[PDB]
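Novice: I am attaching a structure below and will ask some questions about it afterwards.
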Amino acid sequence: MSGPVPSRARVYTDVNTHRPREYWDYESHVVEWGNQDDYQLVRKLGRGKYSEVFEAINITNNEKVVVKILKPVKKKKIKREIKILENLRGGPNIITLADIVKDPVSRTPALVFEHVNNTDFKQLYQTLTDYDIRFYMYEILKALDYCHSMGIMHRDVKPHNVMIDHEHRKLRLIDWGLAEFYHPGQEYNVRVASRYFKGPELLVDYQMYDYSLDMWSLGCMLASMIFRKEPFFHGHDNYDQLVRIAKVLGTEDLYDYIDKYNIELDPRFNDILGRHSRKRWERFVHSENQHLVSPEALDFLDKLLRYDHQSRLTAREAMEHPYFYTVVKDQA
Ligand SMILES: O=c1oc2c(O)c(O)cc3c(=O)oc4c(O)c(O)cc1c4c23
């Protein structure tokens, strides 16, 4: 009946605003295509959605690389990823776009990324130590703070998008194919991110979201890691996703969130959330995960997983949490 209350990023609100138009205007951006023959496809890695990736080698200098060929997708979408990748290139822990080559495989070309010898995310989880997790979480935070400071929301933060070469302690945040430029007052598509990592704002159709979305997804990751339940919030659909969350954060804070921003609750919700108390994080601590848990980790996770997007810690203040006190601190 009314309408929802507007919202804006609590930090880096207008980093794109006064930057040259070329920076964020990706649909008019045109690319100087690299050469397809410079790379030799060696093996097909994994199995990608609307895109297939391969292990490969640059013929001109035998450097190992990963070629990502794009499938039947709209131009402006390819441009968006390319433009975002080029802009963030050089930033801490951001995957480096080594090249973009033209190839008539389906009206779509290919993206060349630096090679990351990452351990199968599924087996790696099970071998990390308390320090490894604090270290890696810190590295991801560096990537988010930098990208957010460069005006980009990743929108698909999850274990599958964090390549980790554990032997080299090298970490890269990948798949910027859903990333978007933040503009205050803008209403974005709530599709983005994987179900299990979607912030409440996406689940209740709140379109004026921001960088803080990535912080919720990061929280879901953290939770799955320290508690060893991957994923932590496992819902069946958007509606069930929020229910899984409420069974932990409670329903009261959820109801307070929707009222604060005057959110139109869909018929499918009024009776599905029910009534749940706020559960304590210590409840999920058992003999299989206690070594990756600590009071600061719990306090940290608690400041990340908040219904209200504006209340969640920003990447930078997350890096200032005691949870990361032990982590290196050499700043270089
Ligand atoms: O930069 C990437 O490196 C990768 C890999 O090294 C890999 O082994 C598998 C993948 C993969 O499955 O999907 C990807 C994406 O959708 C994407 O946008 C970027 C990358 C990968 C990727």
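Header entry for method reads X-ray crystallography, 2.4 Å.
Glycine residues also receive a Cβ, built from the backbone N, Cα and C atoms like all the rest.
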Novice: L45, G46, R47, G48, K49, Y50, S51, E52, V53 bind ATP according to Swiss-Prot; which of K68, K74 goes with them?
Specialist: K68
Novice: Quick one: which of 12-17, 36-41, 198-203 does Swiss-Prot have down as region 'Interaction with beta subunit'?
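Specialist: The listed stretch tagged region 'Interaction with beta subunit' in Swiss-Prot is 36-41.
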Novice: Express the distance between the Cα positions of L45 (ATP binding site) and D156 (active site, proton acceptor) as a whole number of Å.
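Specialist: With the alpha carbons as reference points, the distance is 20 Å.
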Novice: Under a criterion of Cβ-Cβ distance under 8 Å and sequence separation of at least 6, what residues of the same chain contact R47 (ATP binding site)?
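Specialist: Once residues fewer than 6 apart are set aside, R47 (ATP binding site) is near nothing.
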Novice: Would you mind checking how many other C-beta atoms are within 10 angstroms of the C-beta on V53 (ATP binding site)?
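Specialist: I get 19 for this one.
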Novice: How many other Cβ atoms are found within 10 Å of the Cβ atom of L45 (ATP binding site), counting all protein chains shown?
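Specialist: The answer is 15 other Cβ atoms.
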